[PDB]
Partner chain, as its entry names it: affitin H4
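Here you get one chain, nothing else, as structure tokens; it is the form deposited without the partner chain.
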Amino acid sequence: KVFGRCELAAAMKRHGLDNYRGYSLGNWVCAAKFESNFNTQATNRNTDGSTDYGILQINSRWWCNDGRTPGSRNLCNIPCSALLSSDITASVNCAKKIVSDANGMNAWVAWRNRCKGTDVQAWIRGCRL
């Protein structure tokens, strides 16, 4: 499912991401935009053999099990396919654990490089929230 900007903002808010660990909703929407382009079905393989899954491109080396990442840890306790669902609940719950780690949102390279320090409020402007 390819989300609409305001649609995704509302689902993210509902799920409790607005200001989770200090990050305003604009950040999460911006990160989804540049990580997956609002597509829940996005996958990207990395050089180390791991793969990123879903709307927030969660990595298989540490967070989920895809059965093909030697040494994976599966910290979110879920098969990576669960992150491709049109229902973003799994992605959100796992993202909540990732951002709680020492590095915060810097865990998402797209956020660090394209959202960090920008007017992220723009991502939710015009939305009925």
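Numbering follows the first chain given and starts at 1.
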property: Between the two ranges 69-77 and 24-32, the one averaging a larger CA B factor in the entry; result: 69-77
property: 50-58 versus 94-102 - greater average Cα B-factor per the deposited record; result: 94-102
property: Chain third (lowest, middle, highest) by recorded CA B-factor, residue given as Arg112; result: middle
property: Chain-wide C-alpha B factor ranking for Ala9, given as lowest, middle or highest third; result: middle
property: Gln41 - Cα temperature factor, lowest/middle/highest third of chain; result: middle
